[PDB]
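Scroll down for the structure; my scribbles are underneath it.
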Amino acid sequence: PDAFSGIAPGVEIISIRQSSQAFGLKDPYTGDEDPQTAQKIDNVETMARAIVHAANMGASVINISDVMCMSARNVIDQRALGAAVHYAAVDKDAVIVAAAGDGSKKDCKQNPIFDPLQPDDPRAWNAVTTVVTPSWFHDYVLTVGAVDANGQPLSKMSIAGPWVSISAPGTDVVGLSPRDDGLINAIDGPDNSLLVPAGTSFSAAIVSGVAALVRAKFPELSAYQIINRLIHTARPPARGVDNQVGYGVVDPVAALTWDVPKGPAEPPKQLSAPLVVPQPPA
Amino acid sequence: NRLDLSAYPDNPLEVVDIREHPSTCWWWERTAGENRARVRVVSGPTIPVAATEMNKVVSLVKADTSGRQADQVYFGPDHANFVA
Amino acid sequence: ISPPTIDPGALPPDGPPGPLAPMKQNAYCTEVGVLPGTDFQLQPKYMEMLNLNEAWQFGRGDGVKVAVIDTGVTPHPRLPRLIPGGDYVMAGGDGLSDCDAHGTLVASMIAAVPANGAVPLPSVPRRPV
C-alpha cells in the first residue's frame, strides 16, 4: 500500500529544536549592533551549546541540516563553536554530518572554483567570498553537496566551497506528514502556490543514514576512520577532486564491503622507472 | 515457512583444481538498448585472450604501491575509447 | 582567509536548554499537501542509486543513536523510537513539535519504518498546533 521507508529503519533518533523562522525576540531593540548582525551571533552561540548537549546524550551520529551563510568580510568569531566541535569529534568520537547550504537562503552566494593559473592551492582557499559554518571545519566535519536523481550536479543551487567533501541525491523528496497521518510532497508557499522542497538539507539526511549503517557493521573503527571509508569508496568527478561535489557520489554497498586501507591517503614517492633496452646482437 | 535455507546449494560442490586453472576473472557486460547488466565468473588455464594476441598485452608502470592499480592492460576487439 | 583555528579552552558549560532572551511566536505554522498525480506505490526515484535492497542484508542499523539538531520533529505512528532532547527557541519546550514542516521531512527520511498490514502502535495522543 506504500513503498516509502527510511534508510535505516532500526535507528533511534534524538530530536533537538535549535532554529526556527516562526519565532522572534519580544524586545526588538539590540543597541550598538545592527539588528541583522545581532541575530547571527545569537545563532553561533546557541549552535555550540546544542552540539555539546547532543554529544553528552550519547549520540554517535549528529546531523545538522540547517547552516548559516556569512560574508568573507565582517566574519564573526567562532571560538566557542570551534571548541565545541573538537570536543564532540575527538573526546566523544561522534561523526558530524552537515549540509553544504542552499543558494535560495538569504545570504548564500556562489563561491569560485579551482584556477588552473595558480597550482599553489588545489582547493582555492584564497578566492573564498562567503563562509558556511559549522561546515567550515573540514578537519572534523563532513560536508555533503547535492546531485540530481541522474547524477548531474545541481550547479544552480549548491554552494561550491572548498570544504565540500561528498555528495548525494537531493530531488524527488518524499516523507511523512506533520499535522496528519499520511505522506506529503510539497508545502504551501507564501502565496497559494504549492512549493516543492529540494536541496542539500535532504542530501545531508541520506549520508546520515549511510553513516549509521556503516558504523553498525564496523563498531571498532573510530570516527576519523569511518569518514575515510566513505570518501575512498565514492565515485569521483572528472577532476578527481572538485569544489562542486567533493570526492564524488556516495556508494553504500561499496562502503560496507570493500577493503579500504586504514591509513590516510598518501601520494607515490616517484613516477619514473628505467627502460630495459634489449641487448644488441654482435 | 520461517527459515531461509536459500544459501546452500542442492548438491555437493565440484571444486575446480587451482593447480590446473590458476586464472579466474570477473566479467561484466551490457548490450546497448538493454535495461540489465549481466555478471559472470570465468576460470581457465590462462587469461581469456587469444593465443595469437598474447604478445600484445601492455605492461604498465606501477607508481602506486597500495595495491589498487593493475599491472597489465589489454584492448581486445570492440573496445571503447570514450567512456562514462 | 586561512582555514579555521581552535582554542579548546572556550567550550561552553553544560546546562539545561533555554533561549538567551525571551521570545514569542510571530507566525502561523505552514501547511502541507501533495502534488497532482503522484502515486506513492512506486519507489522514489532517488532510492535506485542507493540499492537499498542489497545493502540491508547486513542489517537495518539496529542500536545506533542519531541526533537531529534542527527545527524539531512531530511524532507519527511510523516513528516508534523518538526521544525528546530539548528546545532552545522556546522555554519549557520538549523540542517535539515542528512548526516549519522542515524537521519531520529530514527525520522521517532517515528512520521511517516500512508499511505493514497493521500499525505497530494504534495510539495517537498528538497535541494541537
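Chains as they are written, first to last, in the working numbering: chain A, 221 to 502; chain B, 28 to 111; chain C, 3 to 131.
For every residue, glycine included, the Cβ atom is placed at its ideal position computed from N, Cα and C.
Answer with buried or exposed for residue i, where buried requires no fewer than 16 other C-beta atoms within 10 angstroms of its C-beta.
{"i": "A:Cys-289", "result": "buried"}
{"i": "C:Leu-123", "result": "exposed"}
{"i": "B:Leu-32", "result": "exposed"}
{"i": "B:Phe-102", "result": "exposed"}
{"i": "B:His-106", "result": "exposed"}
{"i": "B:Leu-30", "result": "exposed"}
{"i": "A:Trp-478", "result": "exposed"}
{"i": "C:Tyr-90", "result": "buried"}
{"i": "C:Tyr-48", "result": "buried"}
{"i": "A:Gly-226", "result": "buried"}
{"i": "C:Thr-76", "result": "buried"}
{"i": "B:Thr-79", "result": "exposed"}
{"i": "A:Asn-405", "result": "buried"}
{"i": "A:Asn-276", "result": "exposed"}
{"i": "C:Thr-40", "result": "exposed"}
{"i": "B:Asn-38", "result": "exposed"}
{"i": "A:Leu-495", "result": "exposed"}
{"i": "A:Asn-283", "result": "buried"}
Can you pull the DSSP bridge partners for residue i?
{"i": "B:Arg-65", "result": "B:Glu-56"}
{"i": "A:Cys-289", "result": "A:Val-352"}
{"i": "A:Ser-387", "result": "A:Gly-365 and A:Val-469"}
{"i": "A:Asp-462", "result": "A:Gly-466"}
{"i": "C:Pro-86", "result": "A:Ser-235"}
{"i": "A:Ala-406", "result": "C:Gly-35"}
{"i": "A:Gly-244", "result": "C:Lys-26"}
{"i": "B:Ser-50", "result": "B:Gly-71"}
Can you give the Cα-Cα distance for residue i and residue j, rounded to whole angstroms?
{"i": "A:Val-281", "j": "A:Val-361", "result": "11 Å"}
{"i": "C:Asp-72", "j": "A:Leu-441", "result": "27 Å"}
{"i": "B:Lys-89", "j": "A:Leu-491", "result": "8 Å"}
{"i": "C:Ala-113", "j": "A:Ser-423", "result": "15 Å"}
{"i": "C:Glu-33", "j": "C:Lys-26", "result": "20 Å"}
{"i": "A:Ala-228", "j": "C:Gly-35", "result": "25 Å"}
{"i": "A:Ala-279", "j": "C:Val-66", "result": "8 Å"}
{"i": "A:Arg-299", "j": "A:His-358", "result": "16 Å"}
{"i": "A:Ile-233", "j": "C:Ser-99", "result": "14 Å"}
{"i": "A:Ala-223", "j": "A:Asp-462", "result": "35 Å"}
{"i": "A:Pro-255", "j": "C:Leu-22", "result": "15 Å"}
{"i": "C:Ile-85", "j": "C:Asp-96", "result": "9 Å"}
{"i": "B:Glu-47", "j": "B:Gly-71", "result": "8 Å"}
{"i": "B:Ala-34", "j": "C:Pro-10", "result": "53 Å"}
{"i": "residue 136 of chain C", "j": "C:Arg-80", "result": "There is no way to answer for residue 136 of chain C, as the model of chain C reaches only from 3 to 131."}
{"i": "A:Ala-443", "j": "A:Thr-250", "result": "41 Å"}
{"i": "C:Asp-16", "j": "C:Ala-69", "result": "17 Å"}
{"i": "C:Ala-120", "j": "A:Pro-221", "result": "12 Å"}
{"i": "C:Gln-43", "j": "C:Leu-37", "result": "15 Å"}
{"i": "A:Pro-481", "j": "B:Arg-95", "result": "10 Å"}
{"i": "A:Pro-456", "j": "B:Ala-111", "result": "12 Å"}
{"i": "B:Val-66", "j": "B:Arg-57", "result": "9 Å"}
{"i": "C:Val-131", "j": "A:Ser-240", "result": "15 Å"}
{"i": "C:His-78", "j": "A:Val-351", "result": "36 Å"}
{"i": "A:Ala-493", "j": "B:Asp-44", "result": "37 Å"}
Please state the DSSP three-state secondary structure of residue i.
{"i": "C:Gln-27", "result": "strand"}
{"i": "A:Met-277", "result": "coil"}
{"i": "A:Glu-232", "result": "strand"}
{"i": "A:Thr-363", "result": "strand"}
{"i": "A:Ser-375", "result": "coil"}
{"i": "C:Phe-42", "result": "coil"}
{"i": "A:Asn-263", "result": "helix"}
{"i": "B:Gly-71", "result": "strand"}
{"i": "C:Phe-60", "result": "helix"}
{"i": "A:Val-394", "result": "coil"}
{"i": "B:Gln-99", "result": "strand"}
{"i": "C:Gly-105", "result": "helix"}
{"i": "A:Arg-449", "result": "helix"}
{"i": "B:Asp-44", "result": "coil"}
{"i": "A:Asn-283", "result": "strand"}
{"i": "A:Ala-318", "result": "strand"}
{"i": "residue 23 of chain B", "result": "Nothing about residue 23 of chain B can be read from this structure; chain B reaches only from 28 to 111."}
{"i": "A:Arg-455", "result": "strand"}
{"i": "A:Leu-415", "result": "strand"}
{"i": "A:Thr-477", "result": "helix"}
{"i": "A:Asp-311", "result": "helix"}
So is residue i in contact with chain D if we call contact Cβ pairs under 7 Å?
{"i": "B:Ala-97", "result": "Among the chains of the structure shown, chain D does not appear; the protein chains present are A, B and C."}
Nearer than 6 Å: is that true of the beta carbon of residue i relative to any heavy atom of the ligand NAP?
{"i": "C:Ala-113", "result": "What this structure holds is no ligand at all, so the ligand NAP is not there to describe."}
Stretch-stretch touch, CB-based, cutoff 8 Å, three pairs: the region 460-471 of chain A with the region 485-492 of chain A:
no
Taking 8 Å as the threshold, find out whether the region 360-370 of chain A comes into contact with the region 330-343 of chain A through three or more Cβ pairs.
no
Quick one: any contact between the region 427-442 of chain A and the region 290-305 of chain A, if contact means 3 or more CB pairs under 8 Å?
no
Within the chosen definition, does the region 305-324 of chain A reach the region 377-388 of chain A through at least 3 CB pairs nearer than 8 Å?
yes
Pairing CB atoms from the region 41-57 of chain C with CB atoms from the region 382-399 of chain A, are three or more of them under 8 Å?
yes
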